[PDB]
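Only one chain is given next, in structure tokens, and it is the form deposited in one PDB entry.
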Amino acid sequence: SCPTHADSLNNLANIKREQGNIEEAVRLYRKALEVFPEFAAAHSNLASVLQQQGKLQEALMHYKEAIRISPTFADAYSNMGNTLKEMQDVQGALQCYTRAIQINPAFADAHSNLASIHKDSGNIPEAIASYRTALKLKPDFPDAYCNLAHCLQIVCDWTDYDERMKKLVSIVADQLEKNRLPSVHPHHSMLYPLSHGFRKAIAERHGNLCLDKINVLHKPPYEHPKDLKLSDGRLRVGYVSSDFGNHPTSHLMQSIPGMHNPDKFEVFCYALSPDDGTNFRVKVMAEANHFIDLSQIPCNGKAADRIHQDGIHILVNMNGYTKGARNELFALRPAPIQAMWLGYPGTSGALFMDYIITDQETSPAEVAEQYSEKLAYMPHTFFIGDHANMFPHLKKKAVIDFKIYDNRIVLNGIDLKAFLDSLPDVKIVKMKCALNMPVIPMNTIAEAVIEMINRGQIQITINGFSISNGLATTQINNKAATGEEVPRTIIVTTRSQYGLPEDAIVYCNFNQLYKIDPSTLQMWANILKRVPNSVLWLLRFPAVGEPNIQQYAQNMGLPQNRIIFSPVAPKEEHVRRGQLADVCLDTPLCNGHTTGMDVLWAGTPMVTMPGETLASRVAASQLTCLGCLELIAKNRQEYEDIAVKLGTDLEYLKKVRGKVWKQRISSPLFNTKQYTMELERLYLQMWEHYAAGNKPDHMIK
């Protein structure tokens, strides 16, 4: 019952904790509490190691004790908050934060945590405010600084940008050198000028967080299959994602599990999130050989057991370091071969991952040192899209002529042909080097369509055919607006709907604004200045970034009307309105990935400049697969030149649009059947290699 004794125990456990011996520390803390139970400091310490080990429910118990013993303990309130946050009790976490701030107005950590809550809930201006307050109270505060840095990045606040990037590097450099966990998230490292080494290290450090959380389970190594006998000659492939539902990932690969060859493969889909009722989740469950809902097995131990009992040979990680990931499953290694795929544009940096599925364009062998996994190449690009299936109505288009452009007033529809054949005089414009663009002339009918658009009407009727206003698809068929269903009506899309000029080159970029940096905007200003008859089309993504971007745009000499903003739209509208643009200017810092497949499906030429990171090379990979090497810039000047040519030489622009318009169908880019077959071949290399007794090595065909 001696406090001086218990205190000595506490001091000793801190020692064991800094040596990285988490397990012995817990034993010492527990000894201190057995001696002197009213020991606030011991409860608080034991709580944060229990939190590290993912034993949240029990850590919460000890934080509460620490609070009862010392009601002035703002540090304990703030930590207990983090625990509740991790338990998905954000209401209770918020209470813990504000209460710490009430007790100690100058307690920086609580302000930083309060900010994070806002940052997660999309309230960026509020998060930015609380971070700034935390930094005023505690100027040397890496976590706060780096998160604020990301907030500023999100809304395009480039105040002291150059100096900011320099301090981020200095922070990561100092933390890595002192063997601490870097304040920069692995997913965000792709945005800052860190060395390839630093990025991988960050990733690794983060991957190790899973280890304390699984070591606690005390699980033995799993015995993996050495053959395919128990699976009747079938390779068992497990796809693990928290995004089987209305999420970009499903928009890319939902068709794949059903395209696997049942003779050689047995597809197991492991959902980390619960059913959201969308068709995406419905399709994958219906076409996968087995669909397992792991969201109902919260214990990573019991969940990995499930995977192992299914007998998976190749386990595929589609989350990496994104929201909803449960990499503890991979840390446990329930499969002999575990690969990174599609969902995360980076390296896990962790031992528990063997391959990263990619291609020679995205990840050339000379930069194989930015990954920790062995490279596994797909023949063309590793990127795939399900556009051919989700938006087949965009396979053909038709225009209306107002005195011929291919992107001023556009009609799409599965029944578009039958409607045209009902019209009196339709001119059929040929595309050279089997393809044509029907042109509806300015008639009484063509006037009624314009009319519906100008008056903001939902829809009209022409010769019994249903003509829909592209702005109101969600009132006509919400499932069709989200991409879950193919539209059953003919849709009209115009530049007037979005305030785009009818007589100008339209450069577009439909990415989140965080992908844009000062150097990129400067590049785009140079283009707009060299092509005076043009505008830049961007999205309010988020809206608060618009005033910031516009502000810098005018510092570069661009009048307001040069950049035109639109609101974020439903999937189908988003993809469809891409048809309106003449050219898409890709962001070099982090390319449009899904967004890249989007603009390409509309037959819109995309100009890109491949960097060194995987994230910055996906666009070029897409383009080479498509067959457009002349849209790939080697440097900033060639990028600006390529865009200035497409903008000023109208025949060259017509020729390239015609290329993308044809090749998006003829190339293997949107071919999910071929892609799946290539993927299967890649798997079999992986398996043959492992069965032959070898350890993972690069897979270049």
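Definition used throughout: the rigid core is the maximal C-alpha set that superposes within 1.5 Å between two forms. When you see a residue number, it is the position in the sequence shown, counting from 1.
Only in words, not in the display: the form solved in complex with a partner chain, which the text now covers.
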Run the contact test on 45, 85 and 109 with a 4.5 Å heavy atom cut-off to the partner chain in the entry with it bound and return yes or no.
yes
Residue 41: heavy atom within 4.5 Å of the partner chain in the entry with it bound?
yes
Does any heavy atom of residue 672 come within 4.5 Å of a heavy atom of the partner chain in the entry with it bound?
no
Taking heavy atoms and a 4.5 Å cut-off, does residue 16 contact the partner chain in the entry with it bound?
no
Residue 73: heavy atom within 4.5 Å of the partner chain in the entry with it bound?
yes
With the partner chain left out here, work out from 257-265, 528-536, 389-397, 118-126 which stretch has heavy atoms within 4.5 Å of it in the entry with it bound.
118-126
Contact residue in the entry with it bound, chosen from 624, 250, 113, 153 - any heavy atom within 4.5 Å of the partner chain
113
Quick check on this chain: which one of 198, 141, 465, 352 has a heavy atom within 4.5 Å of the partner chain in the entry with it bound?
141
Looking at 649, 58, 638, 34, which has a Cα shift of 2 angstroms or more between the shown form and the other one when the rigid core is held fixed?
34
Aligned on the rigid core, do the two forms place the Cα of residue 684 2 Å or more apart, comparing between the shown form and the other one?
no
Aligning on the rigid core, do we see the C-alpha of residue 309 shift 2 angstroms or more between the shown form and the other one?
no
With both forms fitted on the core, give yes or no for whether the Cα of residue 674 moves by 2 angstroms or more between the shown form and the other one.
no
